[PDB]
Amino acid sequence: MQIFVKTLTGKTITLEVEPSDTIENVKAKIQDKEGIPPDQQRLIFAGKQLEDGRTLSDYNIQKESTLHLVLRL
C-alpha cells in the first residue's frame, strides 16, 4: 500500500509498504530518496514519535496516511 512522508520542505514523497513493515524499514527507504541517514530521521504521526522497532500497524498507519519527517538536529 502507499503511504506518504512529508519531507523537510513540506514536500510529500510516497513509499510502498506493508502494514507489518517496521519504522526501521521505512527509515531505510527514506534514506534512499532523501539523503538523510536513519539515525538523523525522526518520524512523527498522530502526535507521536515513531520508534524503529515497531511496525506501521502498531501506530494505526493505514493506506495513504501521512508521516512527518523531522531532521534530528
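We number the residues from 1 along the sequence you see. We call the rigid core whatever largest set of C-alpha positions still superposes within 1.5 Å between the two forms.
Rigid core fits of the other structures in 7 other deposited structures of this protein place the C-alpha atoms of one stretch farther away on average; of 63-71 and 1-9, that stretch is 1-9. When the mean C-alpha temperature factors of 54-62 and 6-14 are read from the deposited coordinates, 6-14 comes out higher.
Higher average CA B factor: 31-39, of the stretches 44-52 and 31-39. Looking at the C-alpha B-factors along this chain, the one for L69 belongs to the middle third.
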